[PDB]
Amino acid sequence: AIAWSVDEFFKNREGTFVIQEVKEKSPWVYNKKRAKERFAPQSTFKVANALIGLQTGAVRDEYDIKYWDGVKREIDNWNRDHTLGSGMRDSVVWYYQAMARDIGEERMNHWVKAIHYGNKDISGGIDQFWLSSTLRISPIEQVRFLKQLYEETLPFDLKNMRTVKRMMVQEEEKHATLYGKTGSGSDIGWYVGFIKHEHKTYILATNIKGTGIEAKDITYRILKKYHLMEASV
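Per the entry's author numbering, the sequence shown runs over residues 59 to 291.
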């Protein structure tokens, strides 16, 4: 067991950290008040959206190419063709919006409810609801959801869970693989995922009043402190 202590990573940010080794009965929580509060998921919803898109056949696989529509969006990297997988890695919102429209409201409602995704409220609009909008999920609920993804107990086909996990690989090291996804917007900063280290796996969520980049940095620093992630040698 790890005697977590993380106060030093939250001196300048209001935030919460939730982490659970998969055999543990309950997560360890820093800032339990915020950990139970629901927040717009921002692009962390891409994890769920990808599962749903694959399950419904809205997209074929991680290599399903969608063509750029020629509309110049504010992030240059968006203004080119993308796949389901590149769209997760680069958080290409328009790709996932197009997929959501194909999934459609009826199927999206069903699946968001089936996976206990926070308040399950998609009424903000089929291509809007996860972006500073109606859908909100707590850090504790992100960990419950991601634990089921890791353990492959969600009501999706195994193949689709395996595909989405491959798309979530963020860091590959000799003795660990970190899986995760950022989210940011409206002063909500997320990093959610799981790290496999040797024969242990830790499911985690970081949520701050700040940005996703900041949340990811805090996460890496915590994982390094406890030797789950290698130092920058």
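Each residue gets a CB set at the ideal place from its N, CA and C atoms; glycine is no exception.
TODO: Closer than 7 Å by C-beta to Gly145: which residues in its own chain qualify, once you throw out the five before and the five after it? Chain order, please.
DONE: Within the sequence shown, residue 145 is the residue found at index 87, counting from 1. So the qualifying residues of the chain are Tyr153, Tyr154.
### the region 211-231 in contact with the region 74-93 per 3-pair CB rule at 8 Å
At 8 Å Cβ cutoff, the stretches do not touch.
- Message: When you compare the region 59-68 with the region 119-130, are there three or more beta-carbon pairs, one atom per stretch, that lie closer than 8 Å?
- Response: The answer is no - the region 119-130 does not touch the region 59-68, with fewer than three Cβ pairs under 8 Å.
Hey, could you find the ends of the beta strand (DSSP E) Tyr237 is sitting in? The residue you call residue 237 lines up with position 179 of the sequence shown. Residue range 234-243 is occupied by the beta strand (DSSP E) that includes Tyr237.
Helix, strand or coil at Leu262 [DSSP, three-state]: For the purposes of this step, residue 262 is taken as the residue at position 204 of the sequence shown. Assigned with DSSP and collapsed to three states, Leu262 falls in strand.
Touch test, the region 99-109 against the region 239-254, Cβ-Cβ under 8 Å, three pairs minimum: At 8 Å Cβ cutoff, the stretches touch.
request  = State the Cα-Cα distance for the pair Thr192 and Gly182, rounded to the nearest angstrom.
outcome  = The sequence position of residue 192 within the sequence shown is 134, counting from 1. The sequence position of residue 182 within the sequence shown is 124, counting from 1. Distance between the alpha carbons of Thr192 and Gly182 is about 5 Å.
- Task: Could I get the ranges of all uninterrupted beta strand (DSSP E) runs contained in the region 171-255, with 3 residues as the minimum, in chain order?
- Result: If we require 3 residues or more, the beta strand (DSSP E) runs fully inside the region 171-255 come out as 227-231, 234-243, 246-255.
**Asked** Are the beta-carbon atoms belonging to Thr74 and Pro197 less than 8 Å from one another?
**Response** Your numbering for residue 74 matches position 16 in the sequence shown. Your numbering for residue 197 matches position 139 in the sequence shown. Yes.
### Selection from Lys258, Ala108, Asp160, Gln186 that minimises the alpha carbon distance to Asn218
Reading the sequence shown from its first residue, position 160 is the one you call residue 218. The shortest C-alpha separation from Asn218 is found at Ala108.
How is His168 classed by DSSP in three states: helix, strand or coil?
-> Here residue 168 corresponds to residue number 110 of the sequence shown, with the count starting at 1. Residue state, collapsed to three classes: helix.
- prompt: Are the CB atoms of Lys124 and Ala158 nearer to each other than 8 Å?
  reply: Locating residue 124 in the sequence shown gives position 66, counting from the first residue. Locating residue 158 in the sequence shown gives position 100, counting from the first residue. Going by C-beta atoms, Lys124 is not nearer than 8 Å to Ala158.
ask   = Going along the chain, which unbroken runs of the beta strand (DSSP E) with 3 or more residues stay wholly within the region 103-151?
value = Taken in chain order, the region 103-151 contains no complete beta strand (DSSP E) segment of 3 residues or longer.
**Item:** CA nearest to the CA of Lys239, picked from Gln228, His255, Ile246, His233
**Value:** Start at 1 with the first residue of the sequence shown, and residue 239 comes out as number 181. Taking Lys239 as reference, the option from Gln228, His255, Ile246, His233 with the minimal CA-CA separation is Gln228.
Compute the distance between the beta-carbons of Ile133 and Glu163, then report whether it is under 8 Å.
-> Residue numbering aside, residue 133 sits at position 75 when the sequence shown is read from its first letter. Residue numbering aside, residue 163 sits at position 105 when the sequence shown is read from its first letter. Not a contact, by the Cβ cut-off of 8 Å.
| said: Contact defined as beta carbons within less than 8 Å: I believe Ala106 pairs with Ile173. What is the distance between those atoms, to the nearest angstrom? | reply: Within the sequence shown, the letter at position 48 stands for residue 106. Within the sequence shown, the letter at position 115 stands for residue 173. Indeed they touch by this definition, with Cβ atoms about 6 Å apart.
Exercise. Going straight from the alpha carbon of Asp179 to that of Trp136, what length do you get?
Worked result: Walking along the sequence shown from the start, residue 179 turns up at place 121. Walking along the sequence shown from the start, residue 136 turns up at place 78. Separation of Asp179 and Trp136 (C-alpha to C-alpha, rounded to the nearest whole angstrom) is 27 Å.
What residues match up with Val64 in a beta bridge as DSSP calls it?
On the sequence shown, residue 64 is found 6 positions in, with the first residue counted as 1. In DSSP, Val64 forms no bridge with anything.
For the candidate residues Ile271, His140, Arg165, whose alpha-carbon lies nearest to that of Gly115? For the purposes of this step, residue 115 is taken as residue 57 along the sequence shown, with counting starting at 1. It is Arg165.
So, helix, strand or coil for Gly270, using DSSP? Translated into the one-based positions of the sequence shown, residue 270 becomes position 212. Residue state for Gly270 is assigned as helix, using DSSP reduced to three classes.
Which of the three DSSP states is assigned to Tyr88 in this structure? In the sequence shown, the residue the question calls residue 88 occupies position 30. Of the three classes helix, strand and coil, the one that applies to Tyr88 here is strand, per DSSP.
Where DSSP assigns a beta bridge to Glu79, which residues make up the other side?
Counting from one through the sequence shown, the residue named residue 79 turns up at place 21. Beta-bridge partners assigned by DSSP to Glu79: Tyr260.
Hey, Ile195 and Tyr175: beta-carbon distance below 8 Å or not? Residue numbering aside, residue 195 sits at position 137 when the sequence shown is read from its first letter. Residue numbering aside, residue 175 sits at position 117 when the sequence shown is read from its first letter. Less than 8 Å divides the Cβ of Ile195 from the Cβ of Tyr175.
Problem - Chain-order list of residues whose beta-carbon lies under 8 Å from that of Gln78 (same chain, five-residue window excluded) - result: On the sequence shown, position 20 is the one that residue 78 refers to. Non-local C-beta neighbours of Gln78 in its own chain, meaning closer than 8 Å and more than five positions away in sequence, comprise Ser84, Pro85, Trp86, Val201, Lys205, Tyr260, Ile261, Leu262, ordered along the chain.
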